[PDB]
Amino acid sequence: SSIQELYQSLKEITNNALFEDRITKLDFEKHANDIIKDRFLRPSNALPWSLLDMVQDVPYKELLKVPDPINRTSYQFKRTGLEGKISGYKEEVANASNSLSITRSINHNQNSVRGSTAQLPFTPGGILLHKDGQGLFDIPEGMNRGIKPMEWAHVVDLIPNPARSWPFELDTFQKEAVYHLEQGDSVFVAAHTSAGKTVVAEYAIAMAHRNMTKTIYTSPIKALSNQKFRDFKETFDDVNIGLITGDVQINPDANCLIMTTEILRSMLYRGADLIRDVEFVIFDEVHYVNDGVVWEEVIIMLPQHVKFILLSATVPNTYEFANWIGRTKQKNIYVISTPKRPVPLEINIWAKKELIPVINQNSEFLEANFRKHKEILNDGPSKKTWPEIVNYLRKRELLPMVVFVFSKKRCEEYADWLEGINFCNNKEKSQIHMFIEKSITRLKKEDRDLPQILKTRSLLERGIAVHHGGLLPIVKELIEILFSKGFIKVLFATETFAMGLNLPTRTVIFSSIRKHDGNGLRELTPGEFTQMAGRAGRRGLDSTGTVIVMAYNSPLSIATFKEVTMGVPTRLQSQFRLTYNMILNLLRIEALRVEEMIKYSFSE
Amino acid sequence: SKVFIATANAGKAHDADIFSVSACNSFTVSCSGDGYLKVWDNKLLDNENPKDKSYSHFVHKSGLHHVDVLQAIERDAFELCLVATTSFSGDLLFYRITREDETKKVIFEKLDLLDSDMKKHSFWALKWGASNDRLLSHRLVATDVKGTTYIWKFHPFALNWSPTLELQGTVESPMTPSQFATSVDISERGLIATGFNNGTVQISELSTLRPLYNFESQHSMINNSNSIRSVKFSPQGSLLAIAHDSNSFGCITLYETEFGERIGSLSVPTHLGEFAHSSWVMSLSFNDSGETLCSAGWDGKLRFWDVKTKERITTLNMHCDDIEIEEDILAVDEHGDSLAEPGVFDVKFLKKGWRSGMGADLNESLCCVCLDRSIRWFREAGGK
Amino acid sequence: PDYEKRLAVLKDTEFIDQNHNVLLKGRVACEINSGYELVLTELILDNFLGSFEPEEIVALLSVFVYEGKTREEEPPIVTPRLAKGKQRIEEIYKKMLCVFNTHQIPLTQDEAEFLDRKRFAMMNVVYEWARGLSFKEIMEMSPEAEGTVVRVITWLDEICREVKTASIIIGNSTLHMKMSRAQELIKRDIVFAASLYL
Amino acid sequence: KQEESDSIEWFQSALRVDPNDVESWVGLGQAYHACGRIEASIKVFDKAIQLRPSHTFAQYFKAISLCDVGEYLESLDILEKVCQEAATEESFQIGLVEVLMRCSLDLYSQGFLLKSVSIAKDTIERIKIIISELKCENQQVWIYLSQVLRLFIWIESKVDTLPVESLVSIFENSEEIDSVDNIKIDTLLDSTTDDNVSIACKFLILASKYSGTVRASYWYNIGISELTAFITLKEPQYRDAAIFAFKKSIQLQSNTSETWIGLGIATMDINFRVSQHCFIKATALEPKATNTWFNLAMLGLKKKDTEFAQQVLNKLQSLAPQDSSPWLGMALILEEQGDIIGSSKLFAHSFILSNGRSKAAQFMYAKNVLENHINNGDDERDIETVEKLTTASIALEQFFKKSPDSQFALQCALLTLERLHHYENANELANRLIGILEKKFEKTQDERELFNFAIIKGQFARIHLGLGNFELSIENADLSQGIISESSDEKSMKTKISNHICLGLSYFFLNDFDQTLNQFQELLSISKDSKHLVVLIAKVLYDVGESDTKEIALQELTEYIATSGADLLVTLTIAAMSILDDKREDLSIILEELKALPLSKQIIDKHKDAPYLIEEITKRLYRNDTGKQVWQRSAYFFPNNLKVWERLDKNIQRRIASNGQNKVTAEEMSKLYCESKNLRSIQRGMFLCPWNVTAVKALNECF
RNA sequence: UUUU
């Protein structure tokens, strides 16, 4: 019975009027000679390799590459009359590995986003062997034998068809930046955080989209890239944005691309075709200083058709860097500075269950109140101090509040001392539970059951959370999104949370004014305090921003308090460095010698 | 296609192995060995169990292993949705899917389109050919156990509902004696490709029904392995992807259909040689643009390949613990064997806007059925 | 002067020649973009890693991405080949320190104290992650927090990419295949989960 | 004014003032194109087309930009529609021809050699149309034609498709170098005894002669064409013409690297000092070109100076690690020296890096693979060796598409296909080889070719034996035996043994003339004695069925056992013969023998044939004794063997092969699923292998 | 004992 008979027998199975796991009636278990004959004594037509081993025996002009032809003639179009239209044509008289020109041929086999070391970069913007014997060359170059046969920066004091419009009236510095971008050159804006520096970036992106070009948005921190991607996804219509990471590429052919500075530098050193159409590169958090911050190398290595928009905090060294960039790249750059903050900030001191203001709205110190503090008191938090402050702020309606603690363990320890305090209703708890459940559906049951997730979920459903660098990135993203939604009332955070992020808060509390970094405890610099304390007021929903510095059974020194709270702000510093990879790449390229790159730098 | 995020899943959806899956704009269809056919609503809302919006109908006691759905707007307002299935006994069945006006429940109506002489054959594979400006009538192609390919034309009207299937002709196997026809496909340009158990693919012209090419994909003819499991045409290009066995390995080979020449193969280092998967490749699927190919492996992985560069892009791993509702997790089978890494039977790309829900509104989706008797949905990160 | 001293060091180690032409070692080190190019270049230049397994190589390379500023006693190594590779890397780094101190180059804090820290304390964690253990067990056996482990594995991904390219340059295919296998092995689960903003 | 970057801002301002100016959009796009902003220009042209769909030049510019980025389908559609709308314009036709040529060259570089020739034929037809109708001539169209004509010479297996009818009218509707090459239209027409490739090369050298920078380019193009002809046909007059053209082009400009490279190539054998000077000058002119170093390396190797070639190849490897030529040169050097493993590694690396773009890489890889696996004593169960043979076969298949009719490559491919059981391709290849040999030996009228003729006939007879054509196999074996019988050398004994095997097997299988088969196998046994040969002869004689044949088979098997010792295969064959002959004393002796094999003889027996034989002998001599103890011992020694668990527990066998512990085929796995006797598993196993009989039978037997 |  062949397969046809068996398949014909199958069709007799008639459907009748739940699934049942059935068991076959077939029995799988002297013709044993047929197997032996087929296995041990069957000659075959196909000779095995053993016999082929016995009967089989094994039996410069064409290795060269002839150069390809050359064409030097082309076509040119000559328009005629007003409103120029093509009237006539006339017959008139370089790869990635040969030329540094922007006009070299594009090879479609390689990646247009990342590139390769087989491609030379593009030209950065703004920057004997004859051993003849009897008449003929004999010694090649690099060997000892032949063949033996055998332009300024400007400071500004504070459009008919705008590319983007906003409901509210723009600030003076925003209008100045927009006008200078429209005129067709660079700007360098230094303003307080959350003062509206994103308007400039949005207008630059809209301008680039109007002109059929592209924009690159870079930041030195990879955590900010996802937040900026979501923000620009929500803000922008009719323009598509993408995200470039070390491995993942989202919308590579997008008008706006968000990446880090090191990714852009790696792209630049390998001659990626992406930079051909890029019009703007935006440098955010320029003031950031950590001992990935390679933006100066990017400035040096950029092509000459790219303009710059640099966003930074208030620093007193702006003109030096602006002048350096303008002189190096022969670009006109404008410096816009603004010290205005939309919500005034008041400095308080917490001592003996009393809030004592010491710096009023106009940044005036109060000596009498500091003396009152010092005499009233006459060291760290105890297990009964956080609930007192929390209840005090709930009574006066000063929530949400953020407490900055500079150690991973103490944040979680402090959060556990708030047991017995609840800030959520039934509907709020249900919504938080729903959001947490929907966020972790991409993980496995083993991943969903990690102790950190359970602990955070226990904390989140009461309006309390903890933010530090020892958490999983998904947990941190969940906490940030829930805080942005307005569900969290009390939060303990490290310096991770004090960088550019969405932070609607009404009160800021400092556990301490000393931070242990590197090797040794160190009192907070005025820049760190200014950035951290400058996030205490919501524009349009809060009248004032309350800042509380806590003293525990011991008066605070007036010298350190004055040095940290009101002192000379930090300056910009150059983080340019020399690396063996840098030198080796420059030597291999054989253009832009290292001495020239060094002499074109802020340090030199 | 680089990042894929799971959006919904349903463990223990069927009582037996889910052998095939198909999708349309309105719903997704599954067939299993228990003889049921399940329709899953594609327009889900936030916080909705997929099994809540599902409907099932019993077809054949012997079980089903192939399924395809055809949805089109045949007139100014008339809309027809047809489901074609084939069973283990070898029967070809047709069903009309319609929805109630008030309850919005799905109704199943059986159709009789094959004549008595046509019911004597045992069909294995099938594929709906929709109208794509090549000809005004929809097409249906099927293969049998004798190696023959059949082509029909579907006529919905004779607006009066009166469906009728008209046989165009048959194409015989290229070799004597005939072999088993394991897979079939039809392209938008009017081409038919058939795979055989010996490793041979034949291509014939839709209009005139005559053979064009006969290329052999066997690495070596030392043994009788290397059957063809899946043949797929590129959505717009002149490219044909072949999935074939290699003596316990899985291989994918690319051909161009204008002249029928070998282009290359996809392979990754696995625990040497040119193999795409560790165990076997059971299904293939192209995206809308025809630039990414997805292969479902018996080893329990979904691999994504770049067509132009013939290089792997990303890999998705399948686990039995990925099911949201923990009561639906099937850790072990009826014999106690592990299912921590279940093999994939079928994979399907869903067009943009077909599947709505948790952020899947403006990007392409993806569905797969695995050995743990589960159905899973994914979405591509970002937008388009 | 720093550039001149760096050129002298590069020439003394046969990365370049007297005419400042890039040699084979110099060409390989052009692709490595971490903070330690020379040490990795000489680690992968010869056939020392010929007998290693992909998990062993990916676990050994974690020394170049872990800061090593922990405060616990290191557990014993899991495989003898990891200890052999640790000895080889330490000897190479001692020779490099001698070369650097000969030409009087100012070193950074991380380069000076490379051998004074516990930078090999995460080899077991990476090896077990590559083997296929769950994140709960990995965290139970780790001497650090979750963020540190996630950062280390995320950086090892790029290290694997760079080693793939360098092995393609050198002429070694086995190293290329091993790096591809390790890259596939380590990229999985919650460590490489999609962002909630995507 | 060709200051394109300066007009971008002006066009953008004019567009901001008036967003509906089509000419402003066109100017902005044409400015963006010259600044390397191709995608922005594409979007700009799309915008302008959207404003005014009837605009014509915008579509042409968009098509050129799409060709620049590598989108040939859309640009081809746009240009075809544009030429349909207005066929009088010359620029549109030239652009269509340009896009066709670029698409064909890109397909050739990407490995689409079958559509490249079709697009080249389309380009030639378009050029003929242009010249005949528009009567417009320019250098660009002739350069395009010459670029197209190289595709037919490069793809020589499709050279007969060249449109010699259109080319005649192309060359009939329109002196210093003519006296050397003597290539003329009149001489072309009145020619005889001329091969297809020679006519192709002569057609290649007419577009270069039918077209001071421009004159230098013209003479360089003529010299390149003549150099191609000289390399392809190996005739001195082409070399003289190439040297003359190169000298004139150098006398015109002398400031281009390519002319010096060509001059060095054309003078490789007449004088090496001249080639050295030319290559040094070319390298000094353009230091970023890696071809000059490879040419200098090859020149040094042709003079047998290995150290210079090694040094220059080391420098080149330091320079261009991604190119596959330095690895090929290093592999050739190491093969000349004597190192074999390093040579194989370098050949493999070169083949991998080439990605099919090099004929030499494919040929050397195939030859090296064949050399390393011709007498290595390896079995057919090794995955790596079979995969290497498959890769070599694929490489040779790709090689034959460009340079067919090559004797050495044909013979290597024949051997590889014989090893791969691909008897259908080997038939065609051997037919082509026999035809080429007959054509070669029918002109010189020599007699030294009769030696290779016999070997080719023997291989062809082996191919017929594999295919099943016994009559043709016998005919070819007889011809080969007759052609060489009195010869005594190393290459004659192999052919004699092969012919004897083919004759005996072909007679036995169908002719039924068992006397002739017996005579031939007796002669073979007299001429040689090896384990596999004697085992095959014994099995054939046993299959004959004669008592004398069986006696002779047993006697010669025992004689080999006495002469060479004990081996597992011979013992197993003798045991099978005894079991099929029912010799009780012999069966008992073998049962004593088989049950005391050394561990070395049990590690080798990976399929456990011996335990099966012990069970069969035990159950055929002691009524119904249980012989499962050998299976239990084998499982104790080999718990991870698929064969041992078949007799003990099918659950363990299904589990062990389930998740990749062992490599199992689809048929075997489907058999394992069905043997659990469950509806779900039976459906699974029938889905895996629908042509299995047991699966469908069990599913029918369920319900 | 912060940041990466």
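Residues numbered from 1 in each chain as written, not as in the entry; some residues may be left out. Chains lettered and ligands numbered in written order. Part of a larger assembly, values for the part shown. Heavy atoms only, no water. Residues with missing side-chain atoms left out of burial classes, pairs and counts.

### Focus: the overall build of chain A
In step 1: Of the regular secondary structure elements, chain A holds 20 helices and 22 strands.
In step 2: Taken against the 2.2 N^0.38 rule, which gives 25 Å for 604 residues, the C-alpha radius of gyration of chain A at 35 Å runs more than 25% over that of a compact globule.
In step 3: Seen along its three principal axes, the alpha-carbon backbone of chain A occupies a region of about 110 × 95 × 65 Å. (Helix = DSSP H or I, 4+ residues; strand = E, 2+ residues; numbered from the N terminus. Rg over C-alpha atoms; globule rule 2.2 N^0.38 Å.)

### Some details on the overall build of chain D
In step 1: A tally of regular secondary structure across chain D gives 40 helices and zero strands.
In step 2: Computed over C-alpha atoms, the radius of gyration of chain D comes to 35 Å, more than 25% over the 27 Å expected from 2.2 N^0.38 for 703 residues, which places it beyond the range of a compact globule.

### What about unusual backbone geometry?
In step 1: Residue A:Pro400 is bonded to the preceding A:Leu399 through a cis peptide linkage, with omega at 0°.
In step 2: Take A:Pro400: it is sitting in the loop between α11 (386-395) and β16 (401-404).
In step 3: Here the residue pair B:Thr176 and B:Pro177 is connected by a cis peptide bond, since its omega of 0° sits within 30 degrees of zero.
In step 4: For B:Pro177, the location among the structural elements is in the loop between β13 (161-171) and β14 (181-186).
In step 5: With a phi angle near 60°, A:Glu397 is a residue other than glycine that sits in the positive phi range.

### Points about the interface of chain B and chain C
In step 1: Across the contact, 12 residues belong to chain B and eight residues belong to chain C.
In step 2: Classifying every residue of the side of chain B that touches chain C by side-chain character gives five nonpolar, four polar and three charged. (Contact = heavy atoms within 4.5 Å. Nonpolar A, V, L, I, M, F, W, Y, C, P; charged D, E, K, R; others polar.)

### A few points about the interface of chain D and chain A
In step 1: Tallying the contact residues gives 138 residues for chain D and 97 residues for chain A.
In step 2: No other element matches helix α17 (residues 291-302) of chain D, which puts 10 residues into the side of chain D that touches chain A.
In step 3: Its residues assigned to classes, the side of chain D that touches chain A comprises 69 nonpolar, 35 polar and 34 charged.

### A few points about the packing of aromatic side chains
In step 1: Summarising the aromatic geometry, the rings of D:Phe351 and D:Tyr365 are spaced 4.3 Å apart at their centres and angled 10° between planes, so their arrangement reads as stacked. A residue pair is termed long-range when its members are at least 10 positions apart, and D:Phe351 in helix α20 (residues 341-354) and D:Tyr365 in helix α21 (residues 359-372) qualify at 14 residues.
In step 2: Residues D:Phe363 and D:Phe408 carry aromatic rings whose centres are separated by 6.1 Å and whose planes lie at 85° to one another, so their mutual orientation is edge-to-face. Placement of the pair is D:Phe363 in helix α21 and D:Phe408 in helix α23 (residues 407-419), with a sequence separation of 45 residues.
In step 3: Aromatic rings pair up to connect A:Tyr7, B:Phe19, B:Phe88, B:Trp124, B:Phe180, B:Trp298, B:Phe345, D:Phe687 and D:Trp691 into one cluster.
In step 4: For the cation-ring pair, C:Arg6 lies above A:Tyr580, with the distance from its terminal atom to the ring centre recorded as 4.8 Å. (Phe/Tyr/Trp six-rings, centres within 6.5 Å; stacked < 30°, edge-to-face > 60°. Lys NZ or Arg CZ within 6 Å of the ring centre and 35° of its normal.)

### Examining the pairing of strand β17 (residues 211-216) of chain B
The two faces of a sheet get side chains in turn, since along a regular strand they alternate between them.
Residues and elements named next belong to chain B.
In step 1: Direction of pairing for strand β16 (residues 200-205) relative to β17: antiparallel, over a ladder of five bridges. Across the sheet, residue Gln202 finds its bridge partner in β17, namely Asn214.
In step 2: The antiparallel hairpin formed by β16 and β17 contains five residues in its connecting segment, where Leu209 sits at a positive phi of about 60°. (Pairing = 2+ DSSP bridges.)

### Some points on the sheet that holds strand β4 (residues 36-41) of chain B
Residue and element names in this part refer to chain B.
In step 1: Taken together, the four strands give an open sheet; going across it, the order is β2-β3-β4-β5, and neighbouring strands pair in antiparallel fashion. Either end of the sheet is taken by a strand with one partner, and the two such strands are β2 (18-23) and β5 (54-58). Adjacent strand axes in the sheet meet at a mean angle of 20° when their direction is disregarded.
In step 2: In the sheet, strand β3 (residues 27-32) pairs with β4 via five bridges, with the strands oriented antiparallel. (Axes fitted to C-alpha atoms, helices over the stretch in contact; angles between N-to-C directions.)

### Considerations on the packing of helix α1 (residues 3-10) of chain A against helix α40 (residues 693-702) of chain D
In step 1: For the pair α1(A) and α40(D), the least separation of the axes is 10 Å and the interaxial angle reads 20°. On the basis of the axis angle, α1(A) is roughly parallel to α40(D). The two elements α1(A) and α40(D) meet at a crossing, and its hand is left-handed. Where α1(A) abuts α40(D), its residues A:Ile3, A:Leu6, A:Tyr7, A:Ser9 and A:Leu10 lie against D:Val693, D:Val696, D:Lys697, D:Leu699 and D:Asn700.
In step 2: Tallied by class, the residues present in the contact of α1(A) with α40(D) amount to seven nonpolar, two polar and one charged. (Parallel < 35°, antiparallel > 145°, perpendicular 65-115°, else oblique. Left-handed = near helix turned anticlockwise from the far one by under 90°.)

### Things to note about the UniProt feature "binding site: ATP" in chain A
All names here are of chain A.
In step 1: Following the UniProt record, one finds the feature "binding site: ATP" at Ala191, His192, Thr193, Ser194, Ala195, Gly196, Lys197 and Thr198.
In step 2: Mapped onto the secondary structure, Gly196 falls in the loop between β6 (186-191) and α5 (198-210).
In step 3: Not counting chain neighbours up to four residues away, the residues in contact with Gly196 comprise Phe173 and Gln174.
In step 4: Looking at where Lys197 falls in the secondary structure, it is placed in the loop between β6 and α5. (UniProt positions renumbered as here; feature names shortened; annotations may be inferred.)

### Things to note about the pattern of salt bridges
In step 1: In this structure, the salt-bridge partner of B:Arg303 is B:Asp299, at a minimum N-O distance of 3.6 Å.
In step 2: A salt bridge links B:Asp337 to D:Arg654, with the nearest nitrogen and oxygen atoms 2.3 Å apart. A residue pair is termed interchain when its members come from two chains, as with B:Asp337 in the loop between β25 (311-317) and β26 (344-350) and D:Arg654 in helix α37 (residues 650-656).
In step 3: Taken together, the salt bridges that share partners define one network made up of A:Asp247, C:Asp157, C:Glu158, C:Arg161 and C:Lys187. (Salt bridge = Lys/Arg side-chain N within 4 Å of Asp/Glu carboxyl O.)

### With respect to the pairing of strand β12 (residues 307-312) of chain A
Residue and element names in this part refer to chain A.
In step 1: The sheet contact formed by β6 and β12 spans four bridges and is parallel. Paired with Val189 across the bridge in β12 is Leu311.
In step 2: With four bridges connecting them, strand β11 (residues 278-283) and β12 associate as parallel partners. In the sheet register, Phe280 faces β12, and the bridge partner there is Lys307.

### Considerations on helix α30 (residues 547-564) of chain D
The periodicity of an α-helix, 3.6 residues per turn, causes residues three or four positions apart to be oriented the same way.
In step 1: Across its 18 residues, α30(D) extends 26 Å between first and last C-alpha, which sits within 8% of the 26 Å expected from 1.5 Å per residue.
In step 2: Once α30(D) finishes, D:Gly565 follows within two positions and takes phi at roughly 110°, a positive value. (Expected span 1.5 Å × (residues − 1).)

### Details of the packing of helix α4 (residues 57-69) of chain D against helix α5 (residues 72-85) of chain D
All names here are of chain D.
In step 1: One way to put it is that α4 packs onto α5 with a least axis distance of 8 Å and a crossing angle of 155°. When the axis of α4 is compared with that of α5, the two are roughly antiparallel. You can see that α4 and α5 cross each other, and the crossing is left-handed. On α5, the residues that touch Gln59, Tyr60, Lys62, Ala63, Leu66 and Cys67 of α4 are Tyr72, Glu74, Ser75, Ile78, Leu79 and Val82.
In step 2: Class assignment of the residues belonging to the contact of α4 with α5 gives a composition of eight nonpolar, two polar and two charged.

### Structural notes on the environment of A:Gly88
In step 1: With respect to the element layout, A:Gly88 can be found in strand β2 (residues 85-92).
In step 2: Separated by 11 residues in sequence, A:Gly88 and A:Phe77 place their C-alpha atoms 6.1 Å apart.

### Observations concerning the sheet that holds β14(B)
Residue and element names in this part refer to chain B.
In step 1: Taken together, four strands build an open sheet; the order of strands is β14-β15-β16-β17 and the sheet is antiparallel. Since the sheet does not close on itself, it has two edges, and those belong to β14 and β17, each with one partner. Averaged over all pairs of adjacent strands, the angle between strand axes in this sheet comes to 15°, irrespective of strand direction.
In step 2: Two strands pair when backbone bridges link them, and strand β15 (residues 191-196) and β16 are joined in this way by five bridges, in the antiparallel orientation. Within β16, the position partnered with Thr194 by the bridge is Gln202.

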